[PDB]
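1. Task: produce atomic coordinates for the following.
(chains A, B, C, D, E, F, G, H and I, ligands or ions: 2)
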Amino acid sequence: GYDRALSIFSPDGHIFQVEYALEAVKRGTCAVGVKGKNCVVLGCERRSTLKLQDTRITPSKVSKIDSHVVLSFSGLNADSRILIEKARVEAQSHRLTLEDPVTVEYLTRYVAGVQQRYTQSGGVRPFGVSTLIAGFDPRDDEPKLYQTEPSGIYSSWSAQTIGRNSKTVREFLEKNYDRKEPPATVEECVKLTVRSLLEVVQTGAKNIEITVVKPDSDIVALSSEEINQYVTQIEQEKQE
Amino acid sequence: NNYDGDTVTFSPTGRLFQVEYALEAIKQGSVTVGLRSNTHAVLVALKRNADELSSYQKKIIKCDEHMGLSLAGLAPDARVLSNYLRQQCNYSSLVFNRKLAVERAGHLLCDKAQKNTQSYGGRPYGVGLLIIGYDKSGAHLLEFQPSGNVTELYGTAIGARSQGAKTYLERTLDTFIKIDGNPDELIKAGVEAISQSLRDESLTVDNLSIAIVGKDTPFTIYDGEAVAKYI
Amino acid sequence: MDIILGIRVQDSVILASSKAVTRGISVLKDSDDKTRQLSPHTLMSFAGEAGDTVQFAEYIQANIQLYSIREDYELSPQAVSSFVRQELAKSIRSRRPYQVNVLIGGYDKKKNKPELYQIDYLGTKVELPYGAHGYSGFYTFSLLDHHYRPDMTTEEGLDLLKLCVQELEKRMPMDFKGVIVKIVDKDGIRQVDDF
Amino acid sequence: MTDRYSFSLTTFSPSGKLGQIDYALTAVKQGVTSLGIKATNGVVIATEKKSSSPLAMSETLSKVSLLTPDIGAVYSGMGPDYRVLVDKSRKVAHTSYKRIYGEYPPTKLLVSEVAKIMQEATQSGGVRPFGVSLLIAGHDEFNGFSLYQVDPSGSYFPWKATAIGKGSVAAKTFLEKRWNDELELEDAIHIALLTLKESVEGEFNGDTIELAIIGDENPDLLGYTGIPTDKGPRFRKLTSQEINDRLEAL
Amino acid sequence: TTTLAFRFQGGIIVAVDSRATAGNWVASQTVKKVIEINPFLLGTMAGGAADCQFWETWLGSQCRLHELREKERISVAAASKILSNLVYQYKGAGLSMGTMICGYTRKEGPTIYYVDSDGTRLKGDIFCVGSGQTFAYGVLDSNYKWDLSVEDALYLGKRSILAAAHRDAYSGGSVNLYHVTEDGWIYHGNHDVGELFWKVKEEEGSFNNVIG
Amino acid sequence: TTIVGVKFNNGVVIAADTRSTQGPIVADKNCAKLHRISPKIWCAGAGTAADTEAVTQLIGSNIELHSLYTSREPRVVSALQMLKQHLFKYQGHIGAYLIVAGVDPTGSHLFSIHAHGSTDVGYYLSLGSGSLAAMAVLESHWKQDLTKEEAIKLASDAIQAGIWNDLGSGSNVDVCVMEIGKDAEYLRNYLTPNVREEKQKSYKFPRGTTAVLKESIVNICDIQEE
Amino acid sequence: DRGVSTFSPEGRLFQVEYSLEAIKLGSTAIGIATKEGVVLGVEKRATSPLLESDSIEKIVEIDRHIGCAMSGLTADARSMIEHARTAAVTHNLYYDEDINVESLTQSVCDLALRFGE
Amino acid sequence: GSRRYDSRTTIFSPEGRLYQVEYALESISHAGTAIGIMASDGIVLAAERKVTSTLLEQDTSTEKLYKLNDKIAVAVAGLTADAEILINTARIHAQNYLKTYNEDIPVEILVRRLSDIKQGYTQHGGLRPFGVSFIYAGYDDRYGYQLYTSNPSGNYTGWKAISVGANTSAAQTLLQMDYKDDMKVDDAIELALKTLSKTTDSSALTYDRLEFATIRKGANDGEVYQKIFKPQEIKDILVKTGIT
Amino acid sequence: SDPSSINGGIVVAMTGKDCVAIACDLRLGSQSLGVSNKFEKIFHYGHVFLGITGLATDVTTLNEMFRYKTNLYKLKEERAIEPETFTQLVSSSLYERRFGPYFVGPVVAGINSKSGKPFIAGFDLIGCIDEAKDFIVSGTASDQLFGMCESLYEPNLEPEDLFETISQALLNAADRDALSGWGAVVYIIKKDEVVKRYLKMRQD
Ligand SMILES: [Mg+2]
Ligand SMILES: [Mg+2]
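-> Numbers count the residues shown, from 1 in each chain, chains lettered A, B, ... in the order given. Ligands and ions are numbered 1, 2, ... in the order given. For reference, the structure is listed below:
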């Protein structure tokens, strides 16, 4: 079998294949996560270079791993499917053996572990994907939001963004997100998430996707018109 | 140059550079001495610390009741090779009720090291070993190189500045070979031998490591205040 | 495990399963639920060898739940029953086969029809208006052959089921400690807590 | 030891070219000319027996090969590569078809199997592509007579008539002027001999030309009588004398 | 062998006898039939002594690894399923095991799982396993209430094993008592059946069939 | 089943009956037991019928590939060697008992092979449940230097002995003659001594005799256009 | 290119020496041993204020009597920790005792040079 | 040893791109143009054969349009041999699903499976990727008529109208201009042929240079029919739409 | 215990003038217990018809296997499989499980679409082909079917006459078998029309 060490150290102590995988993430469409007091919102950018697209059937950017946890990503789309499938299988395996659904931290730790493994195994390249994993632990009302990257490191975030122009939207979030008082309602959280994407997106039309996750497996994706109403209200307050 | 990328490539003059580079790792290692009489065999080793807060890296490994070695170079490679010797000594005792001859132990170490010098993907071992033992033909001392070359000697030294100790043993040859039935005097000769390789530093109580095996003496290692008597 | 019965009426499928667990000499439990929900509108009851029954049922449950998450879609009762049949047909030529018999009761939301499938441990599948495994059919089928109508209500189905259980309690030598009854219809799965 | 070449030796270059396949096609271009023509009641395939030495017995070197009783093959390019492909093609006709369906494969499907083998030598680890192009002629009950070309990439195309190798460009133009959908097998053989003469330098006779047909069933070549449904092979290699007879009416 | 475990208001009572036999020969009267999996989990020995000892110690190791990895006490549900899944892999090979995995956690409360070598895993309130199981069930079923005190529940478990020890030839020696709380199990001593029988006979007035 | 092989002047002949059975029931009344390994190498099989057919077709397939590889006409000794090594490996679990006969550039050959992998040479051989009846005829009338006509006569007489005397054998005689320097001639139903007599009565029913619940057209055509 | 297990002319393994450079870029960790106990401390070094810092886990329990702190590419430590925890628990299973701190450390270090092609 | 000759087909560039995937996409840009258009009452697949000959047997020839099952077809752009490897695998996957669940495979599940196979060759194994882009035209009872595309990276997306192969930039602009949501199959047939006629590198668009297919519920009642057009039928539709 | 008689059932096939017929009962049982009266044992792949008797799990498995294989055949060959070719495929598929066989008795029936010739064939559980000119029988009442067919059959029967002959052969054979009956289906097959008829019969 093909055993070639593709991920190796360089004289300055860097693993370039892992670092180049991060550059693939930089190219991917922007993804953002914001947790309120009783919810988490995942926002995603859709590049409008592709019209004549059939939006009914085209792969959506946010994926349910279980009924209570969701995963979004920035980077190589094909690579993300492999991580999503593995995470979904592990979620069912956990329910089968522990008789309890995964915690958000456990699912994050697993996906991050797969990513790390692909950085020191022979004959494989690292995933060109960073992920945002959000949801609620079983029988818990505390919001959870984690981030993973190609190297395999992971951590928890009050709010976070990944992908192209994520430096700009992180700038916005760092000055607009208060830890002592997070977005108290679904409305406030969605509004802050749409606002953060409007710093980067272009037209607020079919370019912004929004998914809201609440406790006890309550997950819903907002439609074009619902998001369009947030887009309308934000700019009418801005004209002042 | 163009021929040192792997162990599977001869140079135009018939040299194996990866093996020569592995030999270089031994020269960077701390000095260790081996010598024997007709009744006993002794190892003396200068242990190296990282700094003043750190411990002194152990140099001597026991392989059986009648055999053991000292190392110079990559310590994890010594652990792999000494583990193999422990297994081979053990196989001989379990299957044949027989203590493994020191000479046969040298042959086994040679062949294990050789396979890593003729195949793609692998690398040579980066450590040198001094094996002492007492078997059915008396006391023995062996020197192992990761090229595969194993040699039986009265005395020797490997590591940094080992040439000073080696010359001393070459002078004293006729004296220390006759030190029969006197373990303390044989160790004294070994401590005096390793002293010919010291610069700036001297032998302290946590610096010195001594091992001995003989006629009615199991392989035992002395460290700490047990070597103060010889300082 | 012992008695498992099924009946498909106008608008629902009803599954009845005994509560007893007997390990040789003693009845260790009298409240055992011999069923697993595979999807919101599909229920599977089971009986056979100890250990293998629950192991097989939970394995199937895990697989259907995995499919549901992957596709964001509930498989039809027919599709689930075919998946289960193949797993048992595969198992019968294994080193150690699953000795498990199942009934699959589901409501097809596309066709708006209840469906009942009977599958034994060999992988023998049939779609039926009513079914059973083991000796249960020997006592109950003559009653079902007489009274059954395809246009029966759920309440009439439960009444015909009571008559079947009464005949079992009369003529069967083993005490199966009553049955747990569950209904599968357009609104999902619910348990009848007084039977 | 062990084969430690588990990686592809054919890869895409910046321009999108697969170098090793292009170079294999170059080897085919240097090869001796071979051709095929399809008639209403048969197919003909032909090539030159370029003998490496006059001391060599060129009858012992078969450039035109029977794959099945109703399918034959000819090549241009590397001879050894062709020989092993003929071995693999003969075997796969049995293992992946005759041992399953109890009958020989139709021409298009055997071509498909040979094509797959050639494709894999273009992607699998530690191998180079085959340096040949094949022309495969055949007949089967439901598809009738057919002629196919297979290239080093694994791509294949059906032809009414075509040529490969050395003088293929000129030969294909010659065939375009002469071919029609009303040709009888004897007319196609005549055109094949006319076309092949243009690319041959030296001797042109039955001993230097290799020619075979897919035509009528040959009960005389079956080797047994008694089964009415078995009527014999449609593949027949023409003799040295049979070629020379048609060179007088040339 | 006689082993039992039951759930009640104050947690779980585990009671076992102490006798091991090889045919008619009494090999030991001092067998430890409660396996201390960890300070919070208990398992009972019936069937194969080695199979129970080995795999329930192993279970303790798996539970310790779980809490190191997840930074949280393992549930009784998860712990019992690790054992039942393991023995299911060996089904057909000849393992012999009938055990109650007992624990008391925050999310579950007091919980008992009967785990068995043919793969069975059953949650329940009262379980009794062994050659003397039917005798202990009789005393349990007729005296069990959820609202038993810790003192009375401990005695009920002791009395039920005594009933089995008296009638079942292959049960006896001594009685080992345990009380499982949320903060861990508490050992309630070794009680010689010989001495216990006479004591219970006099104080209770039972066993009038036996002369003392 | 009755099968025989007989050597003659310039070749070899093989013959067989045409009855196949399942226990006491006759499954097929005109079975073909003479199989072709190659054009001029034929064999007849007794025992498990699927095994005799399968092992014939497998070795026949490999023999054809071998013939193409070597540019030589297949030899009987090659078929024999390949059959026996295949059968030996399966330790009798493939229940094929065969008489193998044929002509090749080396000459004419006749062999028998048993399920466990042992082989034998002979001028006359018989196999199957009717082999003892057939061998009785062969041992009575065989001589050295038989003509083609004499060998065909002897072979078919030996099969007839099986047909009339063995319950496992019946119906017709099939023959295949393999002569040196000639095409092998397969003579299907060479003898037909067991035609059923006309029945006493016609059992054609009046139309409408059978009770019918439902009629419907079955769509065997593919999904249609427009 | 060149082997992953190649020696330099100085007698050092290129890849090992390069990994030591990656560790120099890692956040600081400190340990001090006393006769009353051993203390372990780390720098968390969050990349942004929105990152919840209590999710940064650079000090980890191996067993009740053994702790561990890390510095460098911290994702690489996860399989090392997993091995250490397994080795500690396995030795307790086999020997009904705590494993020695040195023996645990030696077991972790056996993984180190298991790389190549 | 062997490392010396390894091209390393599965590595990132410094910019985070996959060399071999990018170069395979460059190859596909020279292949004949294939177009798919989805309408309310069906789907159209139209594709251009690459510079042909008069001696090519067209009526038995297939290089662009392939049947995966009765409900799903594909248009190919790239290496034909590479495509046939993947096509056979897809045909098997469809039959595996039908055997397991006793229902025809949903279009997206087939597309995801083939796309995952393409992905694997970019991450592990050290082999070159498949130089193929697919247009998938299919029907199932969940989403109805569907169009997808996949490329050597293993990424896939859904479309109302799409092109692959040569001149996709020009083709996509023309499709974006004239496509409407309430369009019908007969209108989509015309749009596809008009777009190929304008984007082609040939002098004129004739029947012998085209492959054509429709997926219609124009099958008598509640079912779907696939129609791979014959050479004479492509000639007729060219006259009907007024291109020849 | 005997796998070939756990579920019960029968299949029969016959040839006529420019036509073939194939018929089966509808019973599935668990030994003495009747379980289903709608278990059809005849399947078709294009114009080729396959009846299967024996262990019901294997009947279903083999139908799914041959649907699988004939679908791939059609995609690759670009034509429907013929009766002669399909017969060899069944034989090959059965023999590949030589030492762990499917416990079945398959029967093939159909007309070759090119020659117009009527075709029938039978198999044992491991693949041996019986290609009879007249009729093929299979199942737990195969002895009874052999008796009926041998006396009732005559060559060159017209389609509507062949229907009566095969129907009476099935019905009366099934009524002498405990594990067969509970309904019956007859297929009359001509070159481009196939008629399916459910028969009325006793239900014990
Ligand atoms: Mg009957
Ligand atoms: Mg009856």
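
2. how close does the closest residue to chain E within chain I sit to residue I:94?
-> Chain I approaches chain E most closely through residue I:100 (19.0 Å), counting by CB to the nearest CB. Yep, even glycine has a C-beta here, placed from its N, CA and C like the rest. Separation of residue I:100 from residue I:94 (CB to CB, to the nearest Å) stands at 11 Å.

3. So these two - more neighbours on which side?
-> Set residue I:100 next to residue I:94 and count neighbours by other CB atoms under 10 Å in any protein chain shown: residue I:94 wins out with 22 against 7.

4. I'd say residue A:120 and residue G:78 touch.
-> No - here residue A:120 does not reach residue G:78: they are 11.2 Å apart, not a contact under CB atoms under 8 Å.

5. Let me know the outermost residue of chain I.
-> When distances to the mean C-alpha position of chain I are computed (CA atoms, centre = their mean), the maximum falls on residue I:76, with 26.6 Å.

6. tell me the phi and psi of the closest residue to it other than its chain neighbours?
-> Computed as CB to CB, 6 or more residues apart in numbering or on different chains, the closest residue to residue I:76 that is not its neighbour in sequence is residue D:109, at 6.3 Å. Geometry field for residue D:109 lists phi and psi as phi -80, psi -30, criterion degrees, to the nearest 10.

7. wouldn't residue D:109 be in contact with residue D:98 here?
-> No - applying CB under 8 Å, one finds residue D:109 not in contact with residue D:98, separated by 11.5 Å.

8. Could you pull out the helices in chain E for me?
-> Under the criterion DSSP state H, chain E carries helices at the ranges E:49-70, E:76-89, E:133-143, E:150-167, E:193-204.

9. Return the set of buried residues in the third one.
-> When you say that, I think you mean helix E:133-143. By neighbour count with 16 or more other CB atoms under 10 Å in any protein chain shown, helix E:133-143 contains the buried residues E:133, E:134, E:135, E:136, E:137, E:139, E:140.

10. which of these lies closest to chain D?
-> Nearest to chain D among the buried residues of helix E:133-143: residue E:133, at 59.7 Å, using CB to the nearest CB.

11. Check the gap between the residue in chain C that chain B sits nearest to and ligand 1 for me.
-> Across chain C, no residue is closer to chain B than residue C:95, which sits at 35.9 Å (CB to the nearest CB). As defined by CB to the ion, to the nearest Å, residue C:95 lies at a distance of 38 Å from ligand 1.

12. What distance do you get for that residue to residue E:93?
-> Counting by CB to CB, the gap from residue C:95 to residue E:93 is 11 Å.

13. can you give me the helices in chain F?
-> In order along the chain, chain F carries the following helices (DSSP H): F:49-70, F:76-89, F:131-141, F:148-165.

14. got the angle for the shortest one vs helix F:148-165?
-> Relative orientation of helix F:131-141 and helix F:148-165, computed by axes from the mean of the first three to the mean of the last three CA atoms, to 10 degrees: 140 degrees.

15. Convert the C-alpha atoms of helix F:131-141 to PDB, please.
-> What follows is helix F:131-141, C-alpha atoms only, in PDB (Å, rounded to 0.1, in the frame of the first residue of the first chain):
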ATOM      1  CA  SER F 131     -21.700 -50.500 -15.400                       C
ATOM      2  CA  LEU F 132     -21.800 -54.100 -14.300                       C
ATOM      3  CA  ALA F 133     -24.500 -54.900 -17.000                       C
ATOM      4  CA  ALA F 134     -22.400 -53.100 -19.600                       C
ATOM      5  CA  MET F 135     -19.100 -54.700 -18.600                       C
ATOM      6  CA  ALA F 136     -20.700 -58.200 -18.900                       C
ATOM      7  CA  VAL F 137     -21.300 -57.500 -22.600                       C
ATOM      8  CA  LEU F 138     -17.900 -55.900 -23.100                       C
ATOM      9  CA  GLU F 139     -16.100 -58.900 -21.400                       C
ATOM     10  CA  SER F 140     -18.100 -61.300 -23.600                       C
ATOM     11  CA  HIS F 141     -17.600 -59.700 -27.100                       C
END
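
16. Show residues contacting that helix.
-> Contacts made with helix F:131-141 from outside it, assessed by CB atoms under 8 Å, 6 or more residues apart in numbering or on different chains, are listed as F:2-4, F:6, F:46, F:124, F:126, F:154, F:157-159, F:161-162, F:165-166.

17. and if we set it to 10 Å?
-> With contact meaning CB atoms under 10 Å, 6 or more residues apart in numbering or on different chains, helix F:131-141 is reached by F:1-6, F:15, F:17, F:46, F:97, F:99, F:122-128, F:142, F:150, F:153-166, F:169.

18. tell me which residues in stretch A:193-210 are buried?
-> The neighbour-count check on stretch A:193-210 (16+ other CB under 10 Å) flags A:193-201, A:204, A:207-210 as buried.

19. what sits against residue 25?
-> If you meant another chain, say so; for now it's chain A. The contact partners of residue A:25, taken as CB under 10 Å, 6+ apart, are A:31, A:73-76, A:127-131, A:149-150, A:162-164, A:166, H:16.

20. wait, I meant chain G there
-> For residue G:25, the contact set (CB under 10 Å, 6+ apart) comprises A:12, A:13, A:14, G:71, G:72, G:73.

21. same check, this time on residue G:39
-> G:30, G:31, G:32, G:33, G:67.

22. Okay, now the sheet partners of the helix or strand where residue D:67 lies, with direction.
-> Residue D:67 is part of strand D:65-68, with elements assigned from DSSP states H and E. The strands beside strand D:65-68 in its sheet (DSSP bridges) come out as strand D:71-77 (antiparallel).

23. so how far is the strand it pairs with from its chain's centroid?
-> Taking CA atoms, centre = their mean, to the nearest Å, one finds the center of strand D:71-77 at 2 Å from the center of the full chain.

24. can you tell if the very next helix or strand once past it touches chain H?
-> Using DSSP H and E, the helix or strand that directly follows strand D:71-77 along the chain is helix D:79-93. No - no part of helix D:79-93 sits near chain H under the criterion CB under 10 Å from any CB of the partner chain; the closest distance found is 14.3 Å.
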